[PDB]
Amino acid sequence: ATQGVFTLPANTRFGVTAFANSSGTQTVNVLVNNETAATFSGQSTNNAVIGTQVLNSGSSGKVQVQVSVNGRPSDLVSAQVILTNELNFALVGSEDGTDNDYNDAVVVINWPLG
């Protein structure tokens, strides 16, 4: 089942924040309408943020997150959760190796902003 793929409301600003918990330098790409929109890198085993940015969902609102470590794509878990019918989280977990903790890069997408 596809993961890291999120339909947002069109032409809406959203925040995207990534955290690293791994030996591997995480490289997370944030694609809007299949065009690369953000790119983050950093290495941490202590939940350091390797990038935070404000993007626009574009005309299509298709946001996709991808995680790789030196070119090897990680395995992704994701879901979207909505609180009081207004506050949206698109959550991404990512696993680069053996232990299946799925926090190697943690990516949080939240909206609306402002």
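The first residue of the shown sequence is 1; numbering continues from there.
The mean C-alpha temperature factor is higher for 21-29 when 21-29 and 87-95 are set side by side. Sort the chain's modelled residues by C-alpha temperature factor and residue 78 lands in the lowest third, per the entry.
Ranked within its chain, residue 43 lands in the middle third, by CA B factor from the PDB record.
For residue 36, the recorded CA temperature factor ranks within the middle third of the chain's modelled residues. Per-chain ranking of the deposited C-alpha B factor places residue 55 in the lowest third.
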